[PDB]
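Each remark here refers to the structure printed beneath this line.
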Amino acid sequence: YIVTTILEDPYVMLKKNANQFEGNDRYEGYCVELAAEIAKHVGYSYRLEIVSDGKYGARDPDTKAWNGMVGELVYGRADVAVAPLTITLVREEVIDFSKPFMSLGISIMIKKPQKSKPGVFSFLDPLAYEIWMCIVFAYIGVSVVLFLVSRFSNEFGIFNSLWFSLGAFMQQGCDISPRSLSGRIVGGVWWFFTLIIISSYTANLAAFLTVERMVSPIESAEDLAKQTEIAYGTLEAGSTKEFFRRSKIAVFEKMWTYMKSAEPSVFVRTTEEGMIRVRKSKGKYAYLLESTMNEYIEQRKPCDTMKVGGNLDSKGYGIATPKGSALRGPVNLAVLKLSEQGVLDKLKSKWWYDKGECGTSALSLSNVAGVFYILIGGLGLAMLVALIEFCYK
Amino acid sequence: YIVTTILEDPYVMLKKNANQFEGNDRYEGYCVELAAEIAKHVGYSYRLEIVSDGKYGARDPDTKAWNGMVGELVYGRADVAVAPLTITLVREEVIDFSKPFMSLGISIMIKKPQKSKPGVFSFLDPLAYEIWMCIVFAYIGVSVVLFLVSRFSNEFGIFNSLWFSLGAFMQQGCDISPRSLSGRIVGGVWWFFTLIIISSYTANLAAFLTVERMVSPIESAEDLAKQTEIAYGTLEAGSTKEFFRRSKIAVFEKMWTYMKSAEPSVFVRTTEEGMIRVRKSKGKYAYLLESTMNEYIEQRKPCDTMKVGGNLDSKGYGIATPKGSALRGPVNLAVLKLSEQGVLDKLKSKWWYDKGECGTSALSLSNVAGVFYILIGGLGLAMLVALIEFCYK
Amino acid sequence: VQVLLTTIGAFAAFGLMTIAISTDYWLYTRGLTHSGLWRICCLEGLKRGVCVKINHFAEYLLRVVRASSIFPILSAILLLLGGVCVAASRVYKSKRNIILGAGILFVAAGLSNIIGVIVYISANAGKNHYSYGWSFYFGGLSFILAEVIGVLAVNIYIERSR
Amino acid sequence: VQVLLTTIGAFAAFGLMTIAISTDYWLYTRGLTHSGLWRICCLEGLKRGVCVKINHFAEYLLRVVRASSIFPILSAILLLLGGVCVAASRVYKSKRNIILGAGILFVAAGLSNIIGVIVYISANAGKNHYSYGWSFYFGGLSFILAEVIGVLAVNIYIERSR
Amino acid sequence: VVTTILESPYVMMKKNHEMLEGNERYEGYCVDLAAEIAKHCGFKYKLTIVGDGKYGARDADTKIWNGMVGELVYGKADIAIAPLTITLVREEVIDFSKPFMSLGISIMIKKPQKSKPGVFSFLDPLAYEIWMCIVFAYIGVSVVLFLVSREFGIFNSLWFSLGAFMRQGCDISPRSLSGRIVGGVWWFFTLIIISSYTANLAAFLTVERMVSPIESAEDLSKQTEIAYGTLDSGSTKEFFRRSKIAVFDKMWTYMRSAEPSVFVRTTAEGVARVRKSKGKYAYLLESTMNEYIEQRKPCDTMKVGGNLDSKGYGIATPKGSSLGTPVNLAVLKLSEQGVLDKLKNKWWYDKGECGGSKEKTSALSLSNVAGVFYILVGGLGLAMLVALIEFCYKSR
Amino acid sequence: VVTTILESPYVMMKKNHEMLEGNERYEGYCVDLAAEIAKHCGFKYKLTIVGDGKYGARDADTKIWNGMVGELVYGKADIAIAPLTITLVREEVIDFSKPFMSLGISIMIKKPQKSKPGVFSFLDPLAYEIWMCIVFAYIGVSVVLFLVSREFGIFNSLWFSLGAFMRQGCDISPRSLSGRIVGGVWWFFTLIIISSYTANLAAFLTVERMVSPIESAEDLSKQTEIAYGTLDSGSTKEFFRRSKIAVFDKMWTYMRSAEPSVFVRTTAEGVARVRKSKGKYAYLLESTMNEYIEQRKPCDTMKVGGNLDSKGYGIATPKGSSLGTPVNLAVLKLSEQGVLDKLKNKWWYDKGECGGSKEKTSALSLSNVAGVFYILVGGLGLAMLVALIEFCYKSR
Ligand SMILES: CCCCCCCC/C=C\CCCCCCCC(=O)OC[C@H](O)CO
Ligand SMILES: CCCCCCCC/C=C\CCCCCCCC(=O)OC[C@H](O)CO
Ligand SMILES: NS(=O)(=O)c1cccc2c1c([N+](=O)[O-])cc1[nH]c(=O)c(=O)[nH]c12
Ligand SMILES: NS(=O)(=O)c1cccc2c1c([N+](=O)[O-])cc1[nH]c(=O)c(=O)[nH]c12
Ligand SMILES: NS(=O)(=O)c1cccc2c1c([N+](=O)[O-])cc1[nH]c(=O)c(=O)[nH]c12
Ligand SMILES: NS(=O)(=O)c1cccc2c1c([N+](=O)[O-])cc1[nH]c(=O)c(=O)[nH]c12
């Protein structure tokens with residue numbers, strides 16, 4: 001017998017060093033292992049052959065000339081076919097389909113949220129840089145004026161008046177209080193300044209954390225239906241866009257209503273180039289495709305994608321041989337023999353995951369980590385000041 | 001000429017002391033004044049007469065026996081009719097309708113939110129009563145233990161140790177610090193207690209005000225469509241429920257889908273008794289009706305209702321006289337003469353509003369008002385303590 | 001004179017604690033259920049007087065501390081030994097270490113009682129609200145007195161020593 | 001000795017303030033626009049050197065305080081009179097009320113300068129972000145020096161009086 | 001022959017009009033409305049545009065009608081399905097159908113957007129009533145402390161209650177039992193006022209509410225701040241002139257004696273004047289067009305309040321009307337089914353520029369805190385002045 | 001003759017079944033599914049219930065089939081439209097159609113609800129890593145202060161940095177320039193830690209997140225805390241026994257050697273065991289029924305993770321199948337149109353008990369603050385003990 005199959009990703013691909021390979025040892029993949037299992041159970045030797053056209057199977061509207069995998073089966077160049085091919089009412093008439101082995105669905109593919117490592121100084125975010133600058137200038141000007149009016153022809157020396165101004169802002173009481181009227185009035189305004197700046201910082205940081213925790217990612221297709229910022233488009237032509245046109249559903253009719261009228265062309269010609277458009281946007285564009293292809297794209301190649309949400313559409317792959325075949329009997333039951341015992345499930349685990357190249361909500365240490373560097377650096381200078389004034393005396 | 005009209009609310013109602021009244025002086029209302037204006041412009045004397053059936057106008061499906069206002073017009077007992085009567089395809093064939101004078105629509109009627117006067121002590125809401133009780137007990141037990149271990153065979157007397165414990169909780173520094181080890185260890189735990197209780201109170205009050213300001217009332221019909229807690233129902237039978245059945249709209253098809261299957265009977269037989277069901281629920285049930293009737297119900301009778309949102313359906317009242325009438329000419333143009341100059345608009349302002357019996361988001365003074373009563377009461381006792389110890393010495 | 005006033009307050013605080021654990025009027029829950037500490041008594045319904053014991057059964061450890069009123073009973077034992085210690089100071093006078101011992105027990109009685117209140121409110125809590133009965137405030141009033149008896153005992157110990 | 005160090009710092013602070021209001025390098029906004037205080041100079045595009053004056057026009061009152069650099073110029077007038085007052089103390093010695101006057105003007109220069117900074121940032125603010133040029137930090141550095149010159153002037157006045 | 005008129009939302013010429021000749025040249029609401037009428041009427045429709053570019057008004061000099069109204073009476077046009085207002089003088093010359101949609105005169109303003117926080121913008125959390133009550137109370141507690149005492153004088157007592165409210169620990173402590181009842185009670189006040197401030201300020205920066213300055217037509221009758229007018233000469237301009245009720249009579253007093261005159265030539269000029277002024281001019285026109293302008297790009301205006309008058313559009317037919325009877329009944333049936341509401345929802349709302357609201361908390365700028373900085377440096381300069389004259393007078 | 005079987009969501013007997021005799025007696029998904037099949041098939045349908053109340057399995061002793069499967073092979077039933085799983089042994093005896101819906105074995109658990117905060121529940125805002133870092137740092141600052149100085153000893157220096165973190169003003173102040181660099185830097189640490197605590201605690205009480213303890217099937221393979229099993233004997237029980245992959249082989253090890261045996265007689269008993277246990281037992285069954293039970297009253301369970309195996313239901317027809325060909329093609333067309341998805345959305349989701357989320361902030365109870373009260377009274381009792389032995393040893 002002869003096997004008619006198509007080359008696409010992990011199902012069928014030519015083996016490494018294909019120049020030094022002859023026969024069935026020239027190919028490797030998922031469908032390769034499936035062809036080996038069924039040929040033993042039914043009992044016939046096979047010969048693997050790639051399709052001539054390179055298409056799945058479609059008939060021209062004028063002349064009924066079937067081009068692809070099903071076209072080679074109609075007149076009968078090969079015995080049976082093992083390829084990822086969906087079942088349709090149009091396909092069921094001309095070619096006889098067997099029981100489904102793997103179930104597929106339409107799912108969502110977005111750019112994987114990168115591990116947002118917090119800034120080592122991400123605790124000075126509430127107040128802008130030009131405010132932090134003017135607090136330092138004010139602190140100097142307040143102490144100098146206090147120093148002047150305190151001692152005039154007094155405990156508030158140039159060293160002591162500088163120590164009083166820090167203790168007031170840090171909210172750590174005081175050692176000595178201004179005694180005169182001129183010293184009291186400048187002390188009262190510095191107390192009024194401190195109380196507002198501190199209370200404004202706490203209230204803004206409270207608002208910053210409250211907003212950040214009450215955000216939800218694009219989970220279900222309902223979340224896509226009520227969003228305009230994050231765009232979503234399908235292939236230019238296929239079974240995906242054709243389903244969307246005659247979609248008599250809840251809010252998927254409104255989904256296609258938005259898809260038709262867009263500023264740029266949301267519909268992408270190439271599927272692989274369509275995956276690049278999601279990478280380029282970086283959390284601005286989403287791409288809808290089959291679940292089986294979506295899961296494999298996350299594993300192989302650099303990791304910047306993931307599957308999200310449940311399956312939307314219901315479609316299944318199958319094994320096809322033209323109607324009036326005596327090969328339907330033993331093959332259809334063999335497919336059920338593989339599934340129930342668990343041959344397909346072990347094999348699907350191997351080529352996707354085993355042959356793959358990928359894989360508490362309290363305040364973290366990293367958010368506060370910055371203020372510990374300020375604590376150590378201060379004690380570093382403290383030791384040096386003790387080192388200098390010991391050598392002097 | 002003879003006028004055929006129906007009695008319903010401010011359109012037509014019998015005058016006060018109707019026993020001592022003869023002719024057109026026996027009735028008073030809106031349509032009474034409309035009948036007076038048109039009779040002068042066209043030029044004929046009239047005689048007002050109430051309908052026999054007491055219905056608006058409906059034909060039986062078996063025998064075409066029209067019962068109500070339109071039934072009296074078909075065979076011709078009266079010349080013309082001035083009553084609040086909607087226009088339909090069924091009504092347009094048998095009776096000739098004039099140009100509309102007043103436009104109506106279906107609107108929403110809910111229980112009026114009562115002026116929520118804040119509690120005079122609505123600032124002790126964040127913490128429950130049994131917590132405020134145990135802070136007082138702890139305050140006593142802390143001072144007594146501090147008093148004991150401080151002086152033992154010392155500035156911390158029974159009066160001074162009681163003053164230290166208050167100053168720590170109020171966060172107002174300290175006069176004298178514990179000198180011994182036994183006095184320090186009990187002082188450290190009371191400092192750790194204070195810092196958590198205060199910070200928990202501020203954070204809970206922050207959450208209480210944040211939630212209270214981000215709440216939206218039931219404004220549009222879209223808000224009704226996505227709510228289950230607040231129920232909404234119409235009349236048992238009429239033009240309102242009949243419109244809902246063959247409603248090919250956005251989310252009003254889903255609105256009737258919920259209306260059909262309810263736990264209790266959402267559809268009320270009586271309209272006036274239906275208004276009582278909204279009062280009894282108190283912000284749990286809504287009643288849909290005509291906008292004209294809804295606005296009048298807010299004005300007359302005790303005020304516990306209001307109109308909210310825009311009009312949904314499009315319907316207009318008219319003035320009807322049977323087809324093949326020569327009275328259509330001067331009346332139809334007179335209706336347009338009243339509307340354009342502004343006779344209807346002045347008259348509608350009188351009977352609804354003129355003859356009616358109804359009618360910054362910072363922290364308020366009332367929310368803090370309670371803590372001022374604590375301030376004055378304390379100074380009241382302060383004067384009495386000075387009064388007692390002056391008479392003693 | 002003031003030492004004789006201490007004995008009266010010691011027996012008073014001892015009484016109010018004993019009445020508290022005796023009477024079954026600590027809480028109300030909905031018809032009307034006048035429950036105390038050891039026995040839940042029902043009123044206004046089918047059985048009007050027919051009462052029965054409580055069926056109680058980190059979370060496991062607090063349950064047994066409520067089931068056995070270990071703290072409030074200890075408070076009374078500390079308190080009645082306190083009043084006994086004051087009577088032991090009356091006869092065989094001039095020891096200079098008698099009322100001191102009593103003073104610690106009265107302070108310890110309140111510090112034992114204050115736990116018993118916190119444990120009871122923690123156990124009760126898991127819409128009609130619960131209300132605290134008269135016999136609960138008897139336990140609250142006894143804490144205040146025992147604390148006042150405690151500080152009085154310290155003043156006498158200071159006077160004799162100086 | 002230390003009084004001679006005061007004169008050098010007075011002229012230094014006087015210089016840095018004069019360079020600041022002279023050079024047009026206070027802000028950058030987007031190609032590249034090296035704007036100062038009085039003249040907005042453009043670079044990298046069509047006109048490379050062709051500059052023109054600023055077209056500026058409660059909210060009305062702050063606009064005229066920015067349009068006329070009233071505070072930073074006043075700071076310099078206070079500062080240069082300060083250094084002059086120290087030179088007036090050198091000749092005709094033993095007055096005991098000379099450097100005191102200068103010390104107040106240096107403190108007033110900084111307290112005038114600190115307003116001029118706040119007004120400038122308030123006027124600028126109403127997506128590419130603005131960056132502060134080198135000639136802005138010249139105004140920032142001049143405030144620190146004048147404050148240090150001010151406190152030095154007080155120490156000399158205390159020394160002669162005592 | 002079907003006579004129509006070129007409008008913004010009703011009759012629009014489609015892109016590539018030279019490529020598609022016939023009824024494919026135009027697309028809109030009024031095109032589909034004609035097809036619904038001819039579904040129950042045996043008539044052949046041809047999309048013919050009126051050459052004059054006018055609705056219809058009899059001139060004062062000639063006393064002859066023009067446009068779609070002129071073509072009807074003189075006998076050229078067969079049927080007229082266009083946005084045409086049904087008035088008194090039109091009914092005398094041509095017969096009209098029943099209204100298919102209702103409209104009125106409404107108010108439009110520029111979107112409220114976000115305000116710039118000037119100076120003393122940090123006193124927003126609390127009411128102006130509370131701030132003054134804290135000032136009076138602080139004097140009361142200070143004065144009572146002195147009288148209770150009789151060291152604490154008038155000056156020393158005021159300082160204690162200032163340092164108490166700022167929540168800094170000094171060395172001043174009332175030693176009297178009476179004074180410690182005053183101190184502890186004044187402390188509990190301080191603890192609640194500070195905690196209440198911080199909580200209310202956090203709520204402002206979590207969710208921001210942009211509320212409209214005007215609500216109703218009676219609102220801008222009292223406010224009298226923002227300019228309001230209509231077209232130089234039109235339907236809404238003639239309505240304002242002849243008014244019976246006092247509220248619009250007071251409005252026409254403003255509209256007539258305006259400095260300068262608030263009137264524009266075109267309706268397109270009126271929309272442009274509102275957006276450019278930025279909360280300074282408010283335009284008054286039909287509620288139909290106003291709702292379409294709000295949905296169209298780039299979205300910077302919205303409808304406010306209810307309608308003032310109640311008018312409607314209909315289908316016009318020449319005098320006699322031999323074919324005007326059946327099409328009048330057909331529209332009334334399609335009004336009941338909900339086809340008019342379905343078609344209006346397609347062109348107004350469905351085909352629009354602006355429809356998800358995502359809010360992000362931004363860092364605080366210096367401009368909104370600027371208020372407290374002026375108070376600090378202002379207080380510093382005052383302290384130098386008092387210290388100098390205290391020494392100057394003591395010297396003499 | 002159309003043979004079906006009595007299920008929960010598929011074939012339901014309508015209320016007042018005595019009043020309505022015929023096809024009005026029943027209502028559900030499987031009733032409307034038969035009407036969709038007979039829309040393209042020339043056959044007369046009569047709602048006939050199988051008397052056995054069994055799906056179909058050949059007995060070990062008799063070697064004869066029963067129920068709907070038994071009626072098909074022996075020649076009594078014509079067509080079978082019912083939830084029937086398509087297995088190997090069924091295909092040998094009767095022909096099956098193409099799958100109309102897909103299903104698998106999934107995990108269900110009781111709703112997560114809200115937890116009771118016990119003791120030390122106030123340390124939730126900050127991580128356990130930060131708390132211990134503050135303890136170590138406070139010793140470091142206290143020790144450095146002593147070494148910098150050389151009054152300040154070891155005991156006196158430790159007290160200063162404790163009183164500094166609690167933010168109370170004492171009479172202890174470092175007089176050395178070196179010590180004032182230590183003091184001021186330790187102060188800035190205190191200010192940020194206190195302000196960061198208050199902010200994070202406010203976020204917890206604004207919006208509450210109830211997160212599931214288990215996510216996947218590999219999650220409850222490692223957790224090994226909550227009990228999980230299936231029916232005593234069924235389809236899912238037979239799947240667990242014969243497994244190739246290690247993850248379910250380790251699960252069957254738990255399922256077999258369970259103490260006690262976690263197996264129930266009926267599927268209705270399994271649901272009751274999950275709700276009563278309250279996060280102690282997890283039940284495994286078909287994803288179809290699981291989704292229906294979640295939508296039904298009073299809503300206390302939900303679906304978690306993906307499906308383990310992939311099975312499907314079909315339409316069964318006797319051996320030979322002379323009328324089984326066209327109805328197989330008809331279902332495939334109705335699958336494409338989206339009638340199966342429309343009908344499943346009507347009975348599962350549309351007709352349900354629980355569908356608006358309105359949150360209201362409640363007052364804090366004593367139980368959640370209880371932690372700090374035990375620390376207070378515990379510390380008080382310890383202070384009395386140290387003071388007594390300090391006097392007792394000094395006496396001798
Ligand atoms: C009252 C006296 C206390 C005043 C103490 C002032 C605190 C020190 C400020 C910045 C450190 C310099 C940080 C430089 C390191 C670069 C990374 C960084 O932190 O950037 C800053 C930016 O604002 C965020 O990203
Ligand atoms: C540290 C020492 C300071 C402790 C000071 C404790 C504050 C006083 C508490 C309640 C006043 C009594 C109020 C009684 C008036 C009835 C209305 C009311 O306020 O109700 C309370 C309820 O918790 C809300 O509604
Ligand atoms: N490569 S793809 O992006 O995923 C993909 C895109 C578009 C159509 C596909 C298809 C795949 N497939 O999974 O290889 C299989 C398949 N089978 C059919 O029978 C059919 O009609 N269309 C397709
Ligand atoms: N009283 S009501 O609650 O508002 C009311 C309820 C139900 C039907 C009404 C109706 C009123 N109406 O305004 O008096 C007028 C009216 N006119 C018609 O022609 C018709 O068919 N039905 C009605
Ligand atoms: N464009 S407009 O600003 O809204 C407008 C302004 C002024 C008059 C209008 C008018 C419109 N309209 O809606 O196109 C229709 C219309 N129809 C009539 O019959 C008539 O007399 N006057 C008008
Ligand atoms: N009720 S159940 O819990 O889900 C359930 C449990 C166990 C076996 C089932 C079954 C259902 N089912 O969905 O009604 C259908 C079905 N059909 C078959 O053909 C078969 O062999 N076994 C079953």
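Each chain in the structure tokens gets a letter, A, B and so on, in the order shown; residues start at 1 in every chain, and ligands are counted from 1 in the order they appear.
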
Notebook entry, point to check: Within 9 Å of ligand 4, counting only C-alpha atoms and all ligand atoms, which protein or nucleic acid residues do you find, written as a PyMOL selection string?
Noted result: chain B and resi 8-9+11+56-58+83-88+104+235+237-240+270-272+289-294+317

Would you output that residue set with N, CA, C and O atoms, as a tab-separated table (two decimals), in the first residue's frame?
chain	number	residue	atom	x	y	z
B	8	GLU	N	-59.62	60.19	33.35
B	8	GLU	CA	-58.34	59.57	33.80
B	8	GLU	C	-57.34	60.67	34.18
B	8	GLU	O	-56.70	61.22	33.26
B	9	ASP	N	-57.23	60.97	35.48
B	9	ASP	CA	-56.17	61.83	36.07
B	9	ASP	C	-56.35	63.27	35.58
B	9	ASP	O	-57.48	63.75	35.54
B	11	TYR	N	-56.25	65.03	32.79
B	11	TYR	CA	-56.83	65.31	31.44
B	11	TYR	C	-58.27	65.79	31.61
B	11	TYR	O	-58.61	66.89	31.13
B	56	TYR	N	-60.54	52.74	26.42
B	56	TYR	CA	-59.82	53.59	25.43
B	56	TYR	C	-60.37	53.32	24.03
B	56	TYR	O	-60.78	54.28	23.34
B	57	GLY	N	-60.37	52.05	23.61
B	57	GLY	CA	-60.87	51.60	22.30
B	57	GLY	C	-60.21	50.30	21.85
B	57	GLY	O	-59.00	50.34	21.53
B	58	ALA	N	-60.96	49.20	21.85
B	58	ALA	CA	-60.51	47.85	21.43
B	58	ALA	C	-61.67	47.09	20.79
B	58	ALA	O	-62.80	47.18	21.31
B	83	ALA	N	-59.06	63.01	23.91
B	83	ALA	CA	-58.64	62.10	25.00
B	83	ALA	C	-57.22	61.60	24.72
B	83	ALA	O	-56.82	61.48	23.57
B	84	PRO	N	-56.42	61.31	25.77
B	84	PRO	CA	-55.10	60.70	25.58
B	84	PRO	C	-55.24	59.29	24.99
B	84	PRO	O	-55.45	58.35	25.74
B	85	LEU	N	-55.12	59.18	23.66
B	85	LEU	CA	-55.28	57.92	22.89
B	85	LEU	C	-54.12	57.80	21.89
B	85	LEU	O	-53.96	58.70	21.05
B	86	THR	N	-53.35	56.70	21.98
B	86	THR	CA	-52.18	56.39	21.13
B	86	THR	C	-52.66	56.03	19.72
B	86	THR	O	-53.84	55.65	19.57
B	87	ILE	N	-51.77	56.15	18.72
B	87	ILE	CA	-52.07	55.86	17.28
B	87	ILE	C	-51.48	54.49	16.94
B	87	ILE	O	-50.30	54.24	17.27
B	88	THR	N	-52.28	53.63	16.29
B	88	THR	CA	-51.89	52.27	15.83
B	88	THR	C	-52.37	52.07	14.38
B	88	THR	O	-53.26	52.82	13.94
B	104	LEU	N	-45.02	60.88	23.63
B	104	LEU	CA	-44.85	60.02	24.84
B	104	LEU	C	-43.71	59.02	24.60
B	104	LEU	O	-43.25	58.90	23.45
B	235	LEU	N	-47.10	46.02	33.24
B	235	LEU	CA	-48.53	45.66	33.43
B	235	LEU	C	-48.77	44.23	32.93
B	235	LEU	O	-47.95	43.74	32.12
B	237	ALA	N	-51.28	43.04	30.99
B	237	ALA	CA	-51.64	43.12	29.55
B	237	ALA	C	-51.76	44.59	29.12
B	237	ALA	O	-52.27	45.40	29.92
B	238	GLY	N	-51.32	44.91	27.90
B	238	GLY	CA	-51.37	46.26	27.32
B	238	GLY	C	-50.55	46.36	26.04
B	238	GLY	O	-50.35	45.31	25.39
B	239	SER	N	-50.09	47.57	25.71
B	239	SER	CA	-49.24	47.87	24.52
B	239	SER	C	-47.76	47.75	24.89
B	239	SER	O	-46.93	47.67	23.96
B	240	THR	N	-47.44	47.73	26.19
B	240	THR	CA	-46.05	47.68	26.73
B	240	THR	C	-45.50	46.25	26.60
B	240	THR	O	-44.40	46.10	26.04
B	270	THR	N	-52.90	45.88	38.34
B	270	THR	CA	-53.25	47.32	38.52
B	270	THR	C	-51.98	48.17	38.43
B	270	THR	O	-50.93	47.73	38.95
B	271	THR	N	-52.08	49.35	37.80
B	271	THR	CA	-50.97	50.31	37.60
B	271	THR	C	-50.73	51.10	38.89
B	271	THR	O	-49.55	51.31	39.24
B	272	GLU	N	-51.81	51.53	39.56
B	272	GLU	CA	-51.77	52.34	40.80
B	272	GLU	C	-51.26	51.46	41.96
B	272	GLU	O	-50.44	51.95	42.75
B	289	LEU	N	-43.51	52.22	32.71
B	289	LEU	CA	-44.81	52.81	32.27
B	289	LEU	C	-44.53	53.96	31.30
B	289	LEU	O	-43.35	54.17	30.95
B	290	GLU	N	-45.58	54.68	30.88
B	290	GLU	CA	-45.50	55.87	29.99
B	290	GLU	C	-44.84	57.02	30.76
B	290	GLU	O	-45.03	57.10	31.99
B	291	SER	N	-44.11	57.88	30.05
B	291	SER	CA	-43.32	59.02	30.61
B	291	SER	C	-44.25	60.11	31.15
B	291	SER	O	-43.93	60.68	32.21
B	292	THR	N	-45.36	60.38	30.44
B	292	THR	CA	-46.36	61.42	30.78
B	292	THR	C	-46.99	61.11	32.15
B	292	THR	O	-47.09	62.03	32.98
B	293	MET	N	-47.39	59.85	32.36
B	293	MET	CA	-48.03	59.36	33.61
B	293	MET	C	-46.99	59.32	34.74
B	293	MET	O	-47.36	59.60	35.90
B	294	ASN	N	-45.73	59.00	34.41
B	294	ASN	CA	-44.61	58.85	35.37
B	294	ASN	C	-44.27	60.21	36.00
B	294	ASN	O	-44.04	60.26	37.22
B	317	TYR	N	-49.89	60.73	21.20
B	317	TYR	CA	-51.36	60.93	21.36
B	317	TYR	C	-51.87	61.74	20.17
B	317	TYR	O	-51.05	62.38	19.48

All residues within 8 Å of ligand 1 are required, counting only C-alpha atoms and all ligand atoms; please report them as a PDB file with C-alpha atoms, in the first residue's frame.
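For reference, result19.pdb as written:
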ATOM      1  CA  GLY A 119      12.934  48.701  40.087  1.00  0.00           C
ATOM      2  CA  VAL A 120      15.596  48.576  42.890  1.00  0.00           C
ATOM      3  CA  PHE A 121      14.319  52.153  43.696  1.00  0.00           C
ATOM      4  CA  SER A 122      10.576  51.588  42.855  1.00  0.00           C
ATOM      5  CA  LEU A 124      10.205  56.741  45.190  1.00  0.00           C
ATOM      6  CA  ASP A 125       7.548  56.436  42.377  1.00  0.00           C
ATOM      7  CA  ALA A 128       8.322  63.028  41.037  1.00  0.00           C
ATOM      8  CA  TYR A 129      12.107  63.842  40.948  1.00  0.00           C
ATOM      9  CA  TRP A 132      12.494  65.382  46.020  1.00  0.00           C
ATOM     10  CA  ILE A 135      12.640  69.238  49.793  1.00  0.00           C
ATOM     11  CA  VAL A 136      16.515  69.239  50.102  1.00  0.00           C
ATOM     12  CA  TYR A 139      15.673  71.844  54.472  1.00  0.00           C
ATOM     13  CA  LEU A 166      15.864  66.745  60.434  1.00  0.00           C
ATOM     14  CA  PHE A 169      10.635  66.092  59.122  1.00  0.00           C
ATOM     15  CA  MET A 170      11.432  62.454  60.208  1.00  0.00           C
ATOM     16  CA  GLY A 370      16.460  50.034  47.774  1.00  0.00           C
ATOM     17  CA  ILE A 374      20.697  53.682  52.077  1.00  0.00           C
TER      18      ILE A 374
ATOM     19  CA  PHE F 188      14.448  57.431  57.128  1.00  0.00           C
TER      20      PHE F 188
END

At a cut-off of 7 Å, using only C-alpha atoms, what residues contact residue 40 of chain D? Leave out same-chain residues fewer than 4 positions from it and give the result as a short mmCIF file (atom, residue, chain, number, x, y, z; two decimals) with N, CA and C atoms, in the first residue's frame.
data_model
loop_
_atom_site.label_atom_id
_atom_site.label_comp_id
_atom_site.auth_asym_id
_atom_site.auth_seq_id
_atom_site.Cartn_x
_atom_site.Cartn_y
_atom_site.Cartn_z
N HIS D 34 17.40 73.74 22.54
CA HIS D 34 18.22 74.22 23.69
C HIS D 34 17.75 75.62 24.09
N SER D 35 16.62 75.70 24.79
CA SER D 35 15.99 76.95 25.29
C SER D 35 16.55 77.30 26.67
N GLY D 36 16.72 78.59 26.95
CA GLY D 36 17.23 79.11 28.23
C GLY D 36 16.12 79.74 29.06
N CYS D 51 17.47 82.09 16.13
CA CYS D 51 16.70 82.10 17.41
C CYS D 51 15.80 83.34 17.46
N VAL D 52 14.78 83.32 18.32
CA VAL D 52 13.79 84.42 18.50
C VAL D 52 13.31 84.43 19.96
N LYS D 53 12.83 85.59 20.43
CA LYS D 53 12.33 85.80 21.82
C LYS D 53 11.10 84.92 22.08
N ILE D 54 10.79 84.67 23.35
CA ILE D 54 9.65 83.81 23.80
C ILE D 54 8.36 84.61 23.63
#
